[PDB]
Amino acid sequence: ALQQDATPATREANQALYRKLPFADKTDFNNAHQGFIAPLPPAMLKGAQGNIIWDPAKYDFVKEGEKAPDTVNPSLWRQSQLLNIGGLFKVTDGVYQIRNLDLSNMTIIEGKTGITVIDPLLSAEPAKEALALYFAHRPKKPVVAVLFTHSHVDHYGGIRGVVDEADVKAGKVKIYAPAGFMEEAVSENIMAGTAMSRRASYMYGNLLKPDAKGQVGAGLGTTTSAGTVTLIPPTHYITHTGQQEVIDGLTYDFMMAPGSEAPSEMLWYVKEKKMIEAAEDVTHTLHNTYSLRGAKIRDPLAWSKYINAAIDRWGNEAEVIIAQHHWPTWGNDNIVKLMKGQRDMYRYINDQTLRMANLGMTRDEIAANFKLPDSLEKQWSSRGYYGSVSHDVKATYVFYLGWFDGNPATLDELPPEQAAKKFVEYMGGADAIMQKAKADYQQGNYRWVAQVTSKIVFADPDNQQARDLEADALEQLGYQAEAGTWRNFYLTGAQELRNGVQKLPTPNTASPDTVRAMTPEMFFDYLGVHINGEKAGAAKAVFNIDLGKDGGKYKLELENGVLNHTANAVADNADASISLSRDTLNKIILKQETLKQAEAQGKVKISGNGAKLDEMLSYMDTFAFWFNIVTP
């Protein structure tokens, strides 16, 4: 089928929102263009081959002055043109940012000796063209210190595109991260990785075409970079909310996330610049509450209290605020106005969800009856371009109560494919449903049209008349979607409903630096996820692993279709004892080497019944990427 135009119902709904929000307030466009020095270099970025790492003109069709197309939400169109305002910018005296060279920004602070780089993007190569752009318009100076606001891959992924590890190991450069950086940075997307990355293709529009009926943006940033993920273990750690550090003569007043355990989130304030580093916490969008790789950040109340603490502290004298994802704000009364609204927003999501949940309302009907106060709804900085008030309220309900709404009629519901066939039966077959869905599509009830038509699709994936009608309803819901994430999910579902899943390349896997940072317990947990519990449910096998002076000894127990691991343990009844170095284990994880070769070359000694080890490894499955999402 073909991509349809906007229906009268969609145009009317988009037009109504265009007259609801303060579109006349061009304050954001003025802050975004402020301090502009130079645009981004014109050409794309490639790795060894022609694989595209970044395209500085992927969303050129989102012109700054042009009216929103009938197929794009007028609010998302405004954020997307505000988003593509990119280049090298000057925030204030001696601090500079490179925007729209990734999903996030890169901040460069100048000191007495050299420069300080903050959040060196998700990949090394975009971080390189960003630093080379800064040095194309400012004096050449050494990189003295690097900072990590969060402990996630979109904050540290390009560390060695800006600094050298030999200079970090030689003490020439320092890296500052929160105390629990290493424990949080590794665990981001390891256990549910394949499910998340396939979900991410829907989320960031990688399967869509950048035009008025497809990809347009992601809200928090334009799109993600696809280069090399790099990691250097930090050298200096911030431990408490009252800590202070002197970086190149500049005083950094820090503040850890709500005094939890090994805090992984960080906010600071340069006293001389009067500048708050908002990280991802104070941005110009409602946040998803998760990270780029699915790791959760915090709950709405903790987010709101995190901001309220940063208002009582620094609020009376702060004159600059910068973030990892958007443009700065320069007025003190403007900055407090911004934080105050962000603070109240997250507490409203938290407290009003708990109120209606205590009143007996279920997850979906709380999100329906959720009305924002007039002063918050009109704020541009809290529009759901990345997150969404709808699914954040639903997520807040599932935070306090379970997945279960309490109604026993939903405790053991039928699975999607079983229920669909029973739904189609009770509605009199596909043709009967089609006759009524076609009439609900005229009225613009695309949410309900998409819902019943999916029952036909899940009861019969071969019904192309239904898949096309569901895609049509999915497309209009995407045309009205204000969230770049919601729009990408809707249009990709419409794409794979008309055409089917496309086996595109799968941008490799884990990088050598993330596997190096990976801990042995995680690798053993990683192995247990691949064990087929059905095939291995009757097997028993015990192994001993010795990783030497860089890892230690581990006792592995396979039983009940389960792979347990215990550190600093040796089993006398081990079917086989394996002794290899961590470097040899790393390149085996990187698929750079096989276990069969490393054993034959003497890199792995397997003492005992080697047949048992091969038996366990045959119980392990492989995770195919392109699995069905919008279809069974």
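Numbers for residues come from their place in the sequence shown, where the first is 1.
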| item | value |
| --- | --- |
| 411 to 419 versus 178 to 186 - greater average Cα B-factor per the deposited record | 178 to 186 |
| Mean Cα B-factor comparison, 270 to 278 or 464 to 472, giving the higher one as deposited | 270 to 278 |
| Top Cα B factor in the deposited entry, candidates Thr289, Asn84, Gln480, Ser197 | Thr289 |
| Top residue by Cα temperature factor, when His33, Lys58, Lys591, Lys67 are compared in the entry | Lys591 |
| Third of chain Cα B-factors occupied by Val562 | lowest |
| CA B-factor placement of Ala574, once the chain's modelled residues are sorted into thirds | lowest |
| CA B-factor ranking of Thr329, expressed as a third of its chain | middle |
| Within-chain third of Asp102 by Cα B-factor, per the entry | middle |
| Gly384 - Cα temperature factor, lowest/middle/highest third of chain | lowest |
